[PDB]
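Labels below follow one simple rule: chain letters A, B, ... track the order of the sequence lines, proteins then strands, and each chain is numbered from 1. Because only heavy atoms are used, hydrogens play no part in the values below, and waters and symmetry mates are left out as well, while side chains stay in.
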Number of protein chains: 6
Amino acid sequence: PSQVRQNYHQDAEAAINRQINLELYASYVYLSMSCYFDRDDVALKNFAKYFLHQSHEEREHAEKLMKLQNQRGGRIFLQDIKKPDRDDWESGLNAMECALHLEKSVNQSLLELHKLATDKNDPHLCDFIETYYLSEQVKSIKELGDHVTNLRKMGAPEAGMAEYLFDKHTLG
Amino acid sequence: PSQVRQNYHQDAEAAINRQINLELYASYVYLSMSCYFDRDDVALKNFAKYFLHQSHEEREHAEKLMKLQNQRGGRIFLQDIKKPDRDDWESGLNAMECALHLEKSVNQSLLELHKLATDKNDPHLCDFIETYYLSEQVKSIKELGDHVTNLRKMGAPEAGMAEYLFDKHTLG
Amino acid sequence: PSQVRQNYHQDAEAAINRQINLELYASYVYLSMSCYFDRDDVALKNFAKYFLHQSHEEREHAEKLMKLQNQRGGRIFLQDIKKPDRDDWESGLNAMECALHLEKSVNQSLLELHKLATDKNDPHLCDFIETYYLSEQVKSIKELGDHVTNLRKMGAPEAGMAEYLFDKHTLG
Amino acid sequence: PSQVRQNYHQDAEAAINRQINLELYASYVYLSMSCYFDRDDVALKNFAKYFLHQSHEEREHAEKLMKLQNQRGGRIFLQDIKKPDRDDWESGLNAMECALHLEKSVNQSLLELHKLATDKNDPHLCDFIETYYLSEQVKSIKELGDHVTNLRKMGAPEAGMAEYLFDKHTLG
Amino acid sequence: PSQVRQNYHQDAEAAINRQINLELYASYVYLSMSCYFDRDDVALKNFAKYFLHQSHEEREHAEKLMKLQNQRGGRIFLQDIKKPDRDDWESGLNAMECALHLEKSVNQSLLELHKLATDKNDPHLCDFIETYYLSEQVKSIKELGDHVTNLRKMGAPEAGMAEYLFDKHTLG
Amino acid sequence: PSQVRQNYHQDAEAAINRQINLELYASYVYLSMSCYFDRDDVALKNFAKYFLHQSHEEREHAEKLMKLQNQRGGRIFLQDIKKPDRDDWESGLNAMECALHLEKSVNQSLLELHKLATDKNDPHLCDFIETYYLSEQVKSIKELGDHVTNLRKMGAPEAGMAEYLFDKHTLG
Ligand SMILES: [Fe+3]
Ligand SMILES: [Fe+3]
Ligand SMILES: [Zn+2]
Ligand SMILES: [Zn+2]
Ligand SMILES: [Zn+2]
Ligand SMILES: [Zn+2]
Ligand SMILES: [Zn+2]
Ligand SMILES: [Zn+2]
């Protein structure tokens, strides 16, 4: 056992490693979205900027989970980062909806991780999750829902000016 | 065909996708090294800082390659980022030697990519590789070789103060 | 022979003169586009500003080729700058598509010139082209492709607000 | 008819297009002279700087005429820019004398253009010419005559230090 | 083999060592020229300043080639720096012409070195040469050709005021 | 005889030429040492920095001796700069000991030169040597002796951390 390990369950360590992988996967998916929006035939530069920022934030979340794992005496075990479900995100609205789905799944993972930490009476893990991940996930989900709502209202994807003006105004 | 595609061969596109994957893998391996050095039983904070910086630089290299793919009209196809070869890097000297090996493999990949771009008479791809990746890889390999040499001379791994003082002086 | 002439083939000199003429022609075409967009019945001031900037950049590129010709001991031979293929560019989308075509032709000429310089084993000419012209041409082609894509999606030319809003947001 | 056009005769529009071409040609001739003086076997850097400045001024004059054409509702019709009368300008004195001849021909063109605008009772065109082109051409012709006089007195072209010292002193 | 050595041929290493010696020799020749022009019986202070600057630049070029040799894992082997072909450079024009010849020989050496690096498919060596040495050599050769041309026209060496005024104006 | 020559014996001129050559040789040897310490398998960056500084100081000494030669009306005669005694300096301690030996030999040459200048009753040459070279040589020899003493005490070369820590602390 690590000399710093205290009130850290093996299940908590495994769940934290799984969350690390899921946050790295979310970063990779956001990177894919950014790449798609940097294409010449998509050409939505603020969409690409937004999703690159999301990718970097998800990488920061994974690194924070790594720091937590190390601070608690748990051992980080990295896995293959699976490729995103697709490379063609097909629209700004569709990419925003997929980002909403991704952040909802990340939130669900964080929620079951918090449930696990509460089962093991690991108050530091619970506080870490609810302080650094749950509030940020709620904010991200709300922002993505706002983006999806505004894009749907403007008429995206059918309204070709909707995605462009959302790119200029909301994402610029 | 992309409207911007011109003098960009399918083989070059595939090679750049493979290079993007390899740069992402190198970033992941550097992240693993940083995680290992952030452990309480390793506790080399400047080693972890160094390898986190390397991970971020490799991620930036992958992002630049994807920007290149989009600029040339090629389509980025992301793959699974494979798990690093191991999670326990066993020493500062061993981690630096593995980083040397990784950067030499990345350099070899970039070199065969440049060879391919020269075969296809793609001067822009060749210049991009040369100005952004080959010089950087040579600098990284030379720096890692210096690190390995200094750690070996100091007595690492067996000299327990060698890695600590390398951490404080070279990496501080 | 010029006292500075060294490893500079006559064919390289002729190709550089032809590139000078082509870049002067591109400057002239961009000037025509700017003039068209300054018309009262077109009245797209950021389109005119964009194409005037492009004409000035192409003139700078021609002057850089002139400086290269003189630096290598080659003699600059200027030719008639042919008038642009049209004076009425009939839309912002059409002008951007024609600018894309023009920059792709300029890139093709630069690629042929680089191929020639590689055949004559003129490394300085190759480095000059790939350092000052190939990357800039790739960037210009990618930017023009983005412009064309955004204008097409917005609904240009038929969507009369598409060109106006692109003028205001992308080009402003 | 253009919605802004009024008191703008077709002959005035044609004369303005001809002046556009003539000023573009003057810019091209100044470019040729600058190129000649940037040669290694001429090596007169302030002569080249002076004639590049003249080329840019003539380009600005052509663009101002373009702006005038558009402001008046006339349509700019661009023509082939004929190559300069020669590529070897044979001396600093000879290039200065040819620049004098060129600016005097440009002024003569502007004078017959002003005569035409006066015959057609186009006071705005007359004012435009006289405030932006006639005084500028008189100043340019006087400066070129001063340059020619000083170079002739110094002993150019035969006095090889005359052009060098004029380059350093008058043009530096 | 060096731990950093990768895609670095023995012939490339030998050619780099020869170029190091050639750049040190060029620095030594420029030092000789500076010494000659600092003499009381020639006493051209800006000529001496110019050639001392050239000597220091050639020394910096040799040091950069040394850094390249070490970065690539090649071993620097220094040779005797041969004395300059003569100690009396006989005039400002003669020294400028000899400097032109020296820089053209250095350029030819760099060109055959680039040919060698291209034969061995060493893209990093080719890029290093073309970005740090070929453009600088072309600029130096053009500048020296300009100097020789201006000195020849001014009347050097026979015109004793020519070298003095070139010293004051071009070199001051 | 130079118009400036006065109380400057031919033997003093020859001795100063020999001293210029010896200072250039010392600069070359220091450059070799710096190159050795910039190698990946040596990787002592402050040792390389120190010896590069020493080579630049020795080059300044040679340049100042040549300025002295020219001020006195003597003619500088440059010779081949002999290759350094070896390319592999095999340790920081060994390189510092060889630098001590080199500076002691340079000091002995300067002392012989001062003895010669005293024999010829050349007070300006004696003052020049003792003002710019003897004090500097004594300081350099004392500093090199301190470096050698500290390296021997620390346990260099066998103590592999001795050279590293001397690099970081004394030379950093
Ligand atoms: Fe709007
Ligand atoms: Fe003067
Ligand atoms: Zn997250
Ligand atoms: Zn990389
Ligand atoms: Zn261009
Ligand atoms: Zn004009
Ligand atoms: Zn050089
Ligand atoms: Zn010295």
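- Checked against the 6.0 Å centroid threshold, E:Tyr30 and E:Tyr50 do not count as a close aromatic pair.
- Within the 3.5 Å criterion, the main-chain N or O of F:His101 finds no donor-acceptor partner in the side chain of F:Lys104.
- For an aromatic pair to be called close, the ring centres must be under 6.0 Å apart, and E:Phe47 with E:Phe166 satisfies this.
- When side chains are defined from C-beta on, E:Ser27 does not count as touching E:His56, because their heavy atoms never get closer than 4.5 Å.
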Exercise. Could you walk me through whether E:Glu130 and E:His114 pass side-chain hydrogen bond (donor to acceptor under 3.5 Å, both in side chains), step by step?
Key: CA-CA 8 Å; E:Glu130 72 208 1; E:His114 192 284; 3.1 Å; yes

Please walk me through it: do C:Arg72 and C:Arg5 pass side-chain contact (heavy atoms from CB on, under 4.5 Å)?
CA-CA 5 Å; C:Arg72 300 303 306 277; C:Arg5 190 78 165 248; 5.6 Å; no

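- Salt bridge F:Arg39/F:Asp41: present, at least one basic N to carboxylate O contact under 4.0 Å.
- For the pairing with E:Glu103, the side-chain contact (heavy atoms from CB on, under 4.5 Å) check across E:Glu136, E:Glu58, E:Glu143 returns one residue only, E:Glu58.
- When side chains are defined from C-beta on, F:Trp89 counts as touching F:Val29, because their heavy atoms get closer than 4.5 Å.
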Next on the checklist: Set out, in order, the CA-CA distance, both residues' side-chain angles and the distance that settles side-chain contact (heavy atoms from CB on, under 4.5 Å) for F:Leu31 and E:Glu63, then state yes or no.
Outcome noted: CA-CA 8 Å; F:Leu31 186 63; E:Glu63 264 160 50; 3.8 Å; yes

* To do: Assess whether side-chain hydrogen bond (donor to acceptor under 3.5 Å, both in side chains) is satisfied between F:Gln79 and F:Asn21, documenting all intermediate values.
  => CA-CA 7 Å; F:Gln79 308 291 316; F:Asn21 187 74; over 6 Å; no

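- Residues E:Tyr8 and E:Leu68 form a side-chain contact, since some pair of their non-hydrogen atoms from C-beta on lies under 4.5 Å apart.
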- request: Step by step, work out the salt bridge (charged side-chain N to carboxylate O under 4.0 Å, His left out) result for F:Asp80 and E:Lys82.
  value: CA-CA 4 Å; F:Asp80 289 354; E:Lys82 290 309 85 153; 3.1 Å; yes

Are C:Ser2 and D:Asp40 close enough, and set up right, to give a side-chain hydrogen bond (donor to acceptor under 3.5 Å, both in side chains), and what steps lead you there?
CA-CA 8 Å; C:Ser2 173; D:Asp40 62 306; 2.5 Å; yes

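- Inter-residue side-chain proximity for E:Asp11 and E:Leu116 is flagged as met; some heavy-atom pair is nearer than 4.5 Å.
- For F:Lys49 (side chain) and F:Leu171 (main-chain N/O), a donor-acceptor pair under 3.5 Å exists by modelled atom type.
- Using a 4.5 Å heavy-atom cutoff, the side chains of E:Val4 and B:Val138 are not in contact.
- Side-chain contact between E:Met154 and E:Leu165 is present, with heavy atoms from C-beta onward closer than 4.5 Å.
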- Query: Can you check side-chain contact (heavy atoms from CB on, under 4.5 Å) on E:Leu144 and C:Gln3, steps first, answer last?
  - Reply: CA-CA 9 Å; E:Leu144 283 162; C:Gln3 70 188 330; over 6 Å; no

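- At a threshold of 4.5 Å between non-hydrogen side-chain atoms, the residues F:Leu22 and F:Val106 count as touching.
- Using a cutoff of 4.0 Å between basic side-chain nitrogens and carboxylate oxygens, E:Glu97 and E:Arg152 are scored as salt-bridged.
- Ionic pairing of F:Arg75 and E:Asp88 is not present here: no N-O contact between side-chain nitrogen and carboxylate oxygen is shorter than 4.0 angstrom.
- Judged by distance alone, with hydrogens and angles left aside, the side-chain atoms of E:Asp167 form a donor-acceptor pair with the main-chain N or O of E:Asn46 at under 3.5 Å.
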- request: Evaluate ring pair (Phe, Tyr, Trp, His ring centres under 6.0 Å) for E:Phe128 paired with E:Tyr133, printing each intermediate quantity in order.
  value: CA-CA 8 Å; E:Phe128 180 82; E:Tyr133 290 80; 5.4 Å; yes

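- Formation of a donor-acceptor pair under 3.5 Å by the E:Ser109 side chain with backbone atoms of E:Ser105 is not found in this model.
- Residues F:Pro157 and F:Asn94 fail the side-chain proximity criterion, which asks for heavy atoms closer than 4.5 Å.
- Taking 4.0 Å as the cut-off between side-chain N and carboxylate O, F:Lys45 and B:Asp146 count as a salt-bridged pair.
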